[PDB]
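Okay, structure first, notes after.
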Amino acid sequence: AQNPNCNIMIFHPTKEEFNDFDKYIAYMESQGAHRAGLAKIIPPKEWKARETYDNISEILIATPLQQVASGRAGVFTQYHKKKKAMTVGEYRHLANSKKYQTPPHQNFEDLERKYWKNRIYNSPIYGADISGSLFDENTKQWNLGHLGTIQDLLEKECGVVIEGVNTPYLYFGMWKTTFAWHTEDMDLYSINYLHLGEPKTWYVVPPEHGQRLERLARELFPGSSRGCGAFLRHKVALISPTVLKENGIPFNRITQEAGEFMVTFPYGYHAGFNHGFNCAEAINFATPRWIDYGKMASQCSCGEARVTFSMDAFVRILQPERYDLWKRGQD
Ligand SMILES: O=C(O)CNC(=O)C(=O)O
Ligand SMILES: [Mg+2]
Ligand code: NI
Ligand SMILES: [Zn+2]
């Protein structure tokens with residue numbers, strides 16, 4: 001069995017190996033990468049996502065989200081307070097302001113310590129979930145706006161044609177902006193490219209141990225657990241590495257820098273934070289190996305998790321028994 005300790009693997013494809021996306025994902029899996037829940041891919045030195053980032057300031061963040069925390073330093077929830085629209089240039093200035101900028105620090109480890117110690121006492125503003133792409137149309141390799149669609153994968157594997165589309169999303173971050181513990185919708189893969197700016201630290205639980213994290217979360221968030229049998233689909237709960245270690249939950253951590261891809265694997269719980277002003281692009285995708293995960297994925301039917309149009313068909317086809325109840329949640 002490859003990678004039995006479920007370590008995060010880092011890959012360095014050549015330009016020739018970067019041509020065929022599906023084939024490279026399958027290669028990484030042949031070496032055990034999926035067992036970690038997360039892999040890093042460093043693109044060949046010849047590759048570029050686009051020529052420059054010099055002309056992005058006029059992108060609109062229509063609904064910036066202020067991430068307000070409740071709880072204790074290592075065990076907290078966050079809610080998102082909607083703010084007035086602003087451009088990327090306005091948001092960058094805000095991120096660099098004395099109120100929001102990254103503090104002086106020695107290295108990534110010192111910054112991580114400061115994040116866990118102090119996150120809850122601040123409310124950073126995240127430009128998350130913005131439909132669009134920063135890949136140049138002429139970039140042919142690993143262009144997240146040109147991937148094979150999940151609808152087409154389901155059709156190829158299962159023979160059923162379904163409605164829906166699959167497009168990327170931009171994330172503009174600042175110091176302390178946070179992504180809560182989650183897996184993807186329908187336990188899909190995700191891929192994330194850090195286009196520019198400061199790093200993003202990730203934490204991940206191996207898929208084979210995801211239920212250990214769920215059981216801890218039910219203990220630590222007992223009212224939420226009573227409210228919903230899949231409340232981590234709400235994407236609001238944070239648990240620190242110190243707390244995970246105290247409770248024996250297996251996990252790993254890694255920092256992504258500008259110019260690097262991360263891939264999350266089906267049912268790989270992940271969480272993390274941004275170090276300062278940055279811009280990432282991400283999309284979900286599927287492979288043949290995902291189908292069995294999609295069939296078994298938990299679902300939120302309490303009404304909180306509220307998701308895309310395209311998830312309807314996945315539930316309807318892969319989880320027909322759950323369909324009725326899940327759709328009541330969506331309506
Ligand atoms: O970058 C973020 O805020 C969150 N990204 C992801 O969870 C992902 O790419 O799967
Ligand atoms: Mg612009
Ligand atoms: Ni994710
Ligand atoms: Zn719910």
Side-chain angles (χ1 to χ4, degrees), residues 53 55-71 76-81 83-97 99-102 115 119-135 144-145 164-186 188 190-198 200 202 224 228 231-238 264 270-284 300 302-305 307-312 329-330:
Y53 293 87
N55 302 106
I56 69 170
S57 304
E58 316 304 308
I59 295 170
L60 193 68
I61 308 169
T63 312
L65 306 174
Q66 177 170 55
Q67 302 187 296
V68 181
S70 304
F76 63 92
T77 60
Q78 58 186 15
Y79 85 88
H80 290 168
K81 178 169 176 169
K83 308 295 282 182
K84 291 193 156 151
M86 74 183 83
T87 63
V88 164
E90 290 164 339
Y91 179 87
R92 177 171 66 235
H93 190 257
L94 185 67
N96 294 335
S97 68
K99 177 172 180 69
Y100 290 108
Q101 73 184 207
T102 315
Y115 173 84
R119 162 66 184 94
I120 64 166
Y121 303 110
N122 295 89
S123 298
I125 297 169
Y126 208 173
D129 293 318
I130 296 162
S131 292
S133 184
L134 291 174
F135 284 89
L144 300 189
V165 292
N166 175 205
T167 55
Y169 293 88
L170 303 178
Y171 302 80
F172 289 96
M174 69 170 60
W175 172 236
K176 286 171 175 172
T177 54
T178 304
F179 52 109
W181 280 107
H182 71 280
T183 62
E184 307 301 308
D185 290 342
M186 222 67 187
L188 286 156
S190 63
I191 181 165
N192 182 298
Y193 182 70
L194 191 51
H195 279 281
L196 64 95
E198 304 312 311
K200 184 190 295 289
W202 301 66
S224 294
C228 180
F231 76 95
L232 292 177
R233 300 276 170 208
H234 310 166
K235 310 195 297 186
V236 304
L238 280 299
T264 82
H270 54 284
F273 64 91
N274 296 302
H275 291 206
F277 173 72
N278 62 20
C279 175
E281 179 168 342
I283 199 175
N284 299 118
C300 169
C302 79
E304 283 300 307
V307 307
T308 186
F309 181 99
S310 311
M311 223 195 99
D312 196 280
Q330 242 40 341

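Residue indices begin at 1 and follow the sequence shown.
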Q | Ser131 versus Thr167, side-chain donor and acceptor atoms under 3.5 Å | A | no

Q: Could you tell me the separation between the CE atom of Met86 and the CD1 atom of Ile59, rounded to the nearest 0.5 Å?
A: 14.5 Å

**Q.** Stepwise side chain to side chain contact (heavy atoms under 4.5 Å, CB included) test for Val236 and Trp181
**A.** CA-CA 7 Å; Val236 304; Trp181 280 107; over 6 Å; no

Q) Got a second to check how far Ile56's CD1 is from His195's NE2, nearest 0.5 Å? A) 9.0 Å

Q: For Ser224, enumerate each residue passing the side-chain hydrogen bond (donor to acceptor under 3.5 Å, both in side chains) test, keeping only those at least two apart in sequence or located in another chain.
A: none

Q. Do you see a donor-acceptor pair shorter than 3.5 Å between the side chains of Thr87 and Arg92?
A. no

Q | Shortest non-hydrogen contact from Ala180 toward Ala271 | A | C-CB, 4.0 Å

Q) With sequence neighbours left out, what residues match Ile191 under side-chain contact (heavy atoms from CB on, under 4.5 Å)? A) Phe21, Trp142, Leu144, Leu147, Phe261, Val263, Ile283, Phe285

Q) Listed by chain and number, what are the ring pair (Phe, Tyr, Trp, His ring centres under 6.0 Å) partners of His270, not counting sequence neighbours? A) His182, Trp202

Q. What's the spacing between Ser123 OG and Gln78 CD if we round to 0.5 Å?
A. 9.5 Å

Q: Carefully, step by step, assess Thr77 and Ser70 under the rule side chain to side chain donor-acceptor pair (under 3.5 Å).
A: CA-CA 5 Å; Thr77 60; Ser70 304; 4.7 Å; no

Q | Any residue meeting side-chain hydrogen bond (donor to acceptor under 3.5 Å, both in side chains) with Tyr115, in chain and number order, not counting sequence neighbours | A | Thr178

(Q) Return the CD to CD1 distance between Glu90 and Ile61, rounded to the nearest 0.5 Å. (A) 9.0 Å

Q. Does one side chain, of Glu281 or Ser133, offer a donor that lies under 3.5 Å from an acceptor on the other?
A. yes

Q. Does the side chain of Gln330 come within less than 4.5 Å of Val307's, by heavy atoms?
A. yes

**Q.** Ring center gap for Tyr193 and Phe135 short of 6.0 angstrom
**A.** yes

Q: Using side-chain hydrogen bond (donor to acceptor under 3.5 Å, both in side chains) as the criterion, list what pairs up with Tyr171, not counting sequence neighbours.
A: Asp129

**Q.** Chi angles and distances behind the side chain to side chain donor-acceptor pair (under 3.5 Å) call for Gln66, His80
**A.** CA-CA 5 Å; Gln66 177 170 55; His80 290 168; over 6 Å; no

Q: Grab the two heavy atoms, one from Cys279 and one from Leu134, that are nearest each other, plus how far apart they are.
A: SG-CD1, 3.6 Å

Q: For residues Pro124 and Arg119, determine if any side-chain heavy atom of one lies less than 4.5 Å from a side-chain heavy atom of the other.
A: yes

**Q.** Gap between atom CG of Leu65 and atom OH of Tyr79 - 0.5 Å precision
**A.** 12.0 Å

Q: Report the residues that fulfil side-chain hydrogen bond (donor to acceptor under 3.5 Å, both in side chains) with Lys200, sequence neighbours left out, ordered by chain and then residue number.
A: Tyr126, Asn274

Q | Considering all heavy atoms, the nearest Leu60-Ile130 contact | A | O-CG2, 4.2 Å

Q) Mind checking whether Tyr91 and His93 have ring centres under 6.0 Å apart? A) no

Q: Taking atom types as modelled, find out whether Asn278 and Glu198 have a side-chain donor-acceptor pair closer than 3.5 angstrom.
A: no

Q: Step by step, work out the side chain to side chain contact (heavy atoms under 4.5 Å, CB included) result for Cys228 and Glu304.
A: CA-CA 9 Å; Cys228 180; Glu304 283 300 307; over 6 Å; no

(Q) If you define the side chain from C-beta out and look only at heavy atoms, does anything of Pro64 sit under 4.5 Å from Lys84? (A) no

Q: Mind checking the CZ-CD spacing from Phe273 to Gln67? Nearest 0.5 Å is all I need.
A: 13.0 Å

Q.
Less than 4.5 Å apart, side chain to side chain, heavy atoms only: is that true for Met174 and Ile125?
A. yes

Q: Kindly give the heavy-atom pair with the smallest separation between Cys300 and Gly303, and that separation in Å.
A: SG-N, 3.9 Å

**Q.** Main-chain N/O of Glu184 paired to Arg233 side chain as donor or acceptor, under 3.5 Å
**A.** yes

(Q) Can you give me the closest heavy-atom contact between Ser310 and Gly164, atom names plus distance? (A) OG-CA, 3.5 Å

Q. If every non-hydrogen atom of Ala69 is compared with every non-hydrogen atom of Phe76, which pair is closest and at what distance?
A. CB-CD1, 3.9 Å

